[PDB]
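Here's entry22.pdb, which has PDB, C-alpha atoms:
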```pdb
ATOM      1  CA  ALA A   1       0.000   0.000   0.000  1.00  0.00           C
ATOM      2  CA  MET A   2       2.685   2.481  -1.058  1.00  0.00           C
ATOM      3  CA  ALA A   3       3.600   3.008  -4.713  1.00  0.00           C
ATOM      4  CA  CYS A   4       2.134   6.373  -5.697  1.00  0.00           C
ATOM      5  CA  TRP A   5       3.755   8.269  -8.570  1.00  0.00           C
ATOM      6  CA  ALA A   6       3.385  11.503  -6.583  1.00  0.00           C
ATOM      7  CA  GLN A   7       5.947  10.398  -3.993  1.00  0.00           C
ATOM      8  CA  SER A   8       8.539  10.216  -6.772  1.00  0.00           C
ATOM      9  CA  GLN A   9       8.470  14.018  -6.648  1.00  0.00           C
ATOM     10  CA  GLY A  10       8.085  14.369  -2.891  1.00  0.00           C
ATOM     11  CA  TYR A  11       4.342  14.226  -2.239  1.00  0.00           C
ATOM     12  CA  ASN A  12       2.607  11.367  -0.419  1.00  0.00           C
ATOM     13  CA  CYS A  13       0.242   8.572  -1.453  1.00  0.00           C
ATOM     14  CA  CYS A  14      -3.502   8.973  -0.944  1.00  0.00           C
ATOM     15  CA  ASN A  15      -5.006   5.952   0.785  1.00  0.00           C
ATOM     16  CA  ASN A  16      -8.097   4.500  -0.908  1.00  0.00           C
ATOM     17  CA  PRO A  17      -7.128   6.194  -4.223  1.00  0.00           C
ATOM     18  CA  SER A  18     -10.129   4.442  -5.778  1.00  0.00           C
ATOM     19  CA  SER A  19     -12.401   6.772  -3.789  1.00  0.00           C
ATOM     20  CA  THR A  20     -10.369   9.967  -3.514  1.00  0.00           C
ATOM     21  CA  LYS A  21     -11.581  13.376  -4.694  1.00  0.00           C
ATOM     22  CA  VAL A  22      -9.266  14.802  -7.334  1.00  0.00           C
ATOM     23  CA  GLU A  23      -9.759  18.549  -7.167  1.00  0.00           C
ATOM     24  CA  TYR A  24      -6.546  18.959  -9.146  1.00  0.00           C
ATOM     25  CA  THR A  25      -5.269  17.651 -12.476  1.00  0.00           C
ATOM     26  CA  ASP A  26      -2.512  18.672 -14.879  1.00  0.00           C
ATOM     27  CA  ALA A  27       0.488  17.215 -16.728  1.00  0.00           C
ATOM     28  CA  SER A  28       1.732  15.782 -13.426  1.00  0.00           C
ATOM     29  CA  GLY A  29      -1.291  13.617 -12.703  1.00  0.00           C
ATOM     30  CA  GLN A  30      -4.354  13.532 -10.459  1.00  0.00           C
ATOM     31  CA  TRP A  31      -4.147  15.067  -6.982  1.00  0.00           C
ATOM     32  CA  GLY A  32      -6.575  15.351  -4.087  1.00  0.00           C
ATOM     33  CA  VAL A  33      -6.869  16.013  -0.363  1.00  0.00           C
ATOM     34  CA  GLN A  34      -7.642  12.857   1.594  1.00  0.00           C
ATOM     35  CA  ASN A  35      -7.949  12.687   5.381  1.00  0.00           C
ATOM     36  CA  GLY A  36      -6.555  16.218   5.373  1.00  0.00           C
ATOM     37  CA  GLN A  37      -3.375  15.439   3.447  1.00  0.00           C
ATOM     38  CA  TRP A  38      -2.153  16.094  -0.098  1.00  0.00           C
ATOM     39  CA  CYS A  39      -1.578  12.976  -2.192  1.00  0.00           C
ATOM     40  CA  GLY A  40      -1.848  11.785  -5.777  1.00  0.00           C
ATOM     41  CA  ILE A  41      -4.536   9.371  -6.928  1.00  0.00           C
ATOM     42  CA  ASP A  42      -2.901   6.018  -7.677  1.00  0.00           C
ATOM     43  CA  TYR A  43      -5.468   3.240  -8.087  1.00  0.00           C
ATOM     44  CA  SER A  44      -2.494   0.881  -8.460  1.00  0.00           C
ATOM     45  CA  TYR A  45       0.007   2.201  -5.908  1.00  0.00           C
ATOM     46  CA  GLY A  46       0.720  -1.323  -4.673  1.00  0.00           C
ATOM     47  CA  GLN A  47      -2.490  -2.614  -3.123  1.00  0.00           C
ATOM     48  CA  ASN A  48      -3.715  -6.094  -2.193  1.00  0.00           C
ATOM     49  CA  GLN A  49      -5.029  -8.618  -4.720  1.00  0.00           C
ATOM     50  CA  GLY A  50      -7.943  -9.406  -2.402  1.00  0.00           C
ATOM     51  CA  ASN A  51     -10.078  -7.675  -5.045  1.00  0.00           C
ATOM     52  CA  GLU A  52     -10.897  -4.436  -3.232  1.00  0.00           C
ATOM     53  CA  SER A  53     -11.180  -2.567  -6.532  1.00  0.00           C
ATOM     54  CA  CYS A  54     -10.407  -2.741 -10.253  1.00  0.00           C
ATOM     55  CA  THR A  55      -8.784  -0.783 -13.079  1.00  0.00           C
ATOM     56  CA  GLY A  56     -10.645   1.328 -15.598  1.00  0.00           C
ATOM     57  CA  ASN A  57     -12.967   2.532 -12.855  1.00  0.00           C
ATOM     58  CA  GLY A  58     -12.348   6.067 -14.089  1.00  0.00           C
ATOM     59  CA  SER A  59     -14.311   5.636 -17.317  1.00  0.00           C
ATOM     60  CA  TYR A  60     -15.276   2.106 -18.388  1.00  0.00           C
ATOM     61  CA  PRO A  61     -16.476  -0.922 -16.340  1.00  0.00           C
ATOM     62  CA  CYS A  62     -14.465  -3.719 -14.726  1.00  0.00           C
ATOM     63  CA  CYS A  63     -13.357  -6.713 -16.795  1.00  0.00           C
ATOM     64  CA  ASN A  64     -12.829  -9.499 -14.231  1.00  0.00           C
ATOM     65  CA  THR A  65     -10.131 -11.195 -16.310  1.00  0.00           C
ATOM     66  CA  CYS A  66      -6.433 -11.324 -15.432  1.00  0.00           C
ATOM     67  CA  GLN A  67      -5.465 -10.909 -19.075  1.00  0.00           C
ATOM     68  CA  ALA A  68      -4.264  -7.376 -19.729  1.00  0.00           C
ATOM     69  CA  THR A  69      -3.987  -7.232 -23.490  1.00  0.00           C
ATOM     70  CA  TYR A  70      -2.905  -3.605 -23.091  1.00  0.00           C
ATOM     71  CA  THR A  71      -1.489  -1.383 -20.351  1.00  0.00           C
ATOM     72  CA  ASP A  72      -1.810   2.394 -20.176  1.00  0.00           C
ATOM     73  CA  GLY A  73      -0.851   5.230 -17.857  1.00  0.00           C
ATOM     74  CA  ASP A  74      -3.560   4.050 -15.456  1.00  0.00           C
ATOM     75  CA  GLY A  75      -2.479   0.420 -15.233  1.00  0.00           C
ATOM     76  CA  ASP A  76      -3.327  -2.700 -17.209  1.00  0.00           C
ATOM     77  CA  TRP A  77      -6.348  -3.201 -19.465  1.00  0.00           C
ATOM     78  CA  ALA A  78      -8.345  -5.955 -21.143  1.00  0.00           C
ATOM     79  CA  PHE A  79     -11.299  -6.448 -23.483  1.00  0.00           C
ATOM     80  CA  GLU A  80     -14.122  -8.760 -22.410  1.00  0.00           C
ATOM     81  CA  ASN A  81     -17.876  -8.966 -22.981  1.00  0.00           C
ATOM     82  CA  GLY A  82     -17.217  -6.687 -25.940  1.00  0.00           C
ATOM     83  CA  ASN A  83     -16.172  -3.761 -23.754  1.00  0.00           C
ATOM     84  CA  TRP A  84     -12.898  -2.038 -22.867  1.00  0.00           C
ATOM     85  CA  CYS A  85     -12.580  -2.806 -19.159  1.00  0.00           C
ATOM     86  CA  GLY A  86      -9.704  -2.535 -16.710  1.00  0.00           C
ATOM     87  CA  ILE A  87      -7.785  -5.411 -15.128  1.00  0.00           C
ATOM     88  CA  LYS A  88      -8.977  -6.210 -11.601  1.00  0.00           C
ATOM     89  CA  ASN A  89      -6.863  -5.149  -8.629  1.00  0.00           C
ATOM     90  CA  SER A  90      -6.632  -8.876  -7.885  1.00  0.00           C
ATOM     91  CA  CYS A  91      -5.250  -9.697 -11.328  1.00  0.00           C
ATOM     92  CA  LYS A  92      -1.823  -8.171 -10.706  1.00  0.00           C
ATOM     93  CA  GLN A  93       0.045 -10.213  -8.102  1.00  0.00           C
ATOM     94  CA  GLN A  94      -0.889 -13.355  -6.175  1.00  0.00           C
ATOM     95  CA  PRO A  95       1.572 -12.912  -3.256  1.00  0.00           C
ATOM     96  CA  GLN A  96      -0.051  -9.612  -2.254  1.00  0.00           C
ATOM     97  CA  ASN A  97       2.100  -8.793   0.785  1.00  0.00           C
ATOM     98  CA  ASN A  98       1.450 -12.264   2.238  1.00  0.00           C
ATOM     99  CA  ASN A  99       4.866 -13.898   1.884  1.00  0.00           C
ATOM    100  CA  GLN A 100       4.702 -17.648   2.500  1.00  0.00           C
TER
END
```
Go ahead and render the structure in this file as structure tokens.
Amino acid sequence: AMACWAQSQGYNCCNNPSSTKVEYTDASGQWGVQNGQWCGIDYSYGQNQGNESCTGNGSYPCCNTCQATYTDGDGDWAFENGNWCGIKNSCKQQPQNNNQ
């Protein structure tokens, strides 16, 4: 739960980026104030694969398949049910933190 692109510059990650209010947006990315703290909106800043959210939630619907035929600046992406959906947050890494 710490892989935001905003930190690369100095800022901090915004917890629950899949439900953060982005009152700012430019050529640097999406930013918003969460819990009273500045932080970029990274839906894929290194979360769990438990399936808490999915990709493409900023425009299209979820896919549900772990086959990302294409990846963009917002993560991975797939095409199922005849619709451009985003790869699930679970379809990224099995060993999500839990190291056997």
- prompt: Which residue out of A:19, A:25, A:36, A:42 has the minimum interatomic distance to residue 6 in chain A when only C-alpha atoms are used?
  reply: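 For residue 6 in chain A, the nearest of the given residues is A:42.
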- request: Quick one: everything within 8 Å of range 10-14 of chain A, counting all atoms listed in the file, minus sequence neighbours fewer than 4 positions away in the same chain. Send it as a PyMOL selection string.
  value: chain A and resi 2-6+20+32-34+37-42+45
message: Restricting the calculation to only C-alpha atoms: of A:71, A:98, A:18, A:83, which residue gets closest to residue 58 in chain A?
response: A:18
- request: Tell me, as a ChimeraX atom specification, which residues lie within 12 Å of residue 51 in chain A, counting only C-alpha atoms; anything in the same chain fewer than 3 positions away does not count.
  value: /A:44,47-48,54-55,62,64-66,87-94,96
field: Which of A:29, A:50, A:61, A:56 sits closest to residue 9 in chain A [using all atoms listed in the file]
entry: A:29
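Applying the 12 Å criterion to (-2.3, 2.0, -22.2) in file coordinates and using only C-alpha atoms, one obtains the residues residues 55, 56, 68, 69, 70, 71, 72, 73, 74, 75, 76, 77, 78, 84, 85, 86 and 87 of chain A.
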Where is the centre and how long are the edges: axis-aligned box on range 19-28 of chain A, 4 Å on each side, Å to one decimal, as lines of an AutoDock Vina configuration file:
```
center_x = -5.3
center_y = 12.9
center_z = -10.1
size_x = 22.1
size_y = 20.2
size_z = 21.2
```
- request: Measure the distance from CA of residue 80 in chain A to CA of residue 63 in chain A in Å and round it to one decimal.
  value: 6.0 Å
task: Would you mind reading off the distance between CA of residue 26 in chain A and CA of residue 1 in chain A, one decimal, in Å?
output: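 These atoms are spaced 24.0 Å apart.
Interatomic distance, CA of residue 52 in chain A to CA of residue 8 in chain A: 24.6 Å.
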